[PDB]
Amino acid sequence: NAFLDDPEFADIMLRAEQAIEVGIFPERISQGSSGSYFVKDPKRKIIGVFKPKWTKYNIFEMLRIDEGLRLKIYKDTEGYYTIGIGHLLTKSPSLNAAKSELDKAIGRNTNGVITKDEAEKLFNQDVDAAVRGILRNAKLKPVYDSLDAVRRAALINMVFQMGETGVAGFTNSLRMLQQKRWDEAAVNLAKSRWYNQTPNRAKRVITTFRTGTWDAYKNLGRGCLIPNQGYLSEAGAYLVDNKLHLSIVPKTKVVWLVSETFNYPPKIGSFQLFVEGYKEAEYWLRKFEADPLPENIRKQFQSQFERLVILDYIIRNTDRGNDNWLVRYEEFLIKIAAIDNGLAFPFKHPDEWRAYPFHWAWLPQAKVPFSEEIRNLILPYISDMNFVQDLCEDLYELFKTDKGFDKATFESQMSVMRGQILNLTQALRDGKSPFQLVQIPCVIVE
């Protein structure tokens, strides 16, 4: 825990270590979670927040992903009774009717509950039925016979989801598939009620038709964040703040601490300075409805808000609510503290079924254009490519400390961050607002 460049932070860490020696241990902020502690000095005053650090692809795995697995009767998108892996029981609203149909299919009285093996058994039968529907159909079989195995699975997937008759209705798209006009068929298949009802699944199936690959099913659930590196994200947010002189992130560094209260020998983690007298932003936003800020303080609050927008956009924070940016209100008359920055610096921009929006973008303040004050203060930095390169190198030195560091994954993080900086640069030049800034389509700098 050497902080030669920051003696003030080192003394704070020394006070933390001294308190531990006299038995004053950090306490969990929430009793349920062991990843966040309030660190106290020898006078039991809180000084900081410490946060310690073969798959086979085929129609079956394709449909397991698209349909899920439920062992108890549930309602589908239309509200129809369903169980297992996308097995429709009946269109009747009667739950007893669904249980009646389920009992016939299983061979025993289930009362709406089956086992995984029974769910798989129905799943195999349903897939075979879908293949039978394809082969017995004069419009599906010629398409099926002409397709490779991967694209055949996409055809089976559609017949599974909507039935033989429904898929047979795609007269022109089926012909395009048979003629191997993948791009034309993919475009034409999107203009369907099927796509609108289930857009995420239809996009996966259409991509399978377009490419003949499993790429739409390979990296699902990976997320956009490197695992087990939140402590570096916390430290990286302060680094970005400090280089831009935003002064809204409390000083946060990677430190090592040993404590009996930890869940198990030093533990690495992020140490963020505790700030006192701050309330959640949602609290003060609520209070300003009855007591709106005087114009001098409103301008000061908006400039602080712009700094928060700049920080979050640059680091592409995925976990900013209006509860985890704090506001102090009674030099600065009103101040913002950007805390809890452990889920930033994603290695890729998020997909659009899980957008991870900035929750301050909903606020009316976000429609206020960036002030000329913030633009003149920030544009000289972010428009300077030497500055941007130095920032990336600073983050490299910090991020490479972790054992799981990967050069390719890190350069992905910087490409996302450089892309964010580019869009922010243009938005400031255009005099846009934080609300308009987050509308710009995401870009990367390769």
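The first residue of the shown sequence is 1; numbering continues from there.
Deposited sequence between residue 291 and residue 292: no residues lack coordinates (chain continuous). According to the record, the deposited sequence contains 10 or more residues between residue 264 and residue 265 that were left without coordinates.
With 276 to 284 and 78 to 86 compared on mean CA B-factor from the PDB entry, the stretch scoring higher is 78 to 86. Comparing the deposited coordinates for 35 to 43 and 395 to 403, the stretch with the larger average C-alpha B-factor is 35 to 43. Within the selection 189, 258, 343, 337, the deposited Cα B-factor values reach their highest point at 258. The residue among 320, 348, 299, 152 whose C-alpha carries the highest B-factor in the deposited model is 299. Among all modelled residues in this chain, the alpha-carbon of residue 20 has a temperature factor (C-alpha) in the highest third. Annotation for residue 415: CA B-factor lies in the middle third of the chain's modelled residues. Sort the chain's modelled residues by C-alpha temperature factor and residue 377 lands in the middle third, per the entry. In this PDB entry, the Cα temperature factor of residue 123 sits in the middle third of its chain's modelled residues.
Ranked by C-alpha B-factor against the other modelled residues of its chain, residue 383 falls in the middle third.
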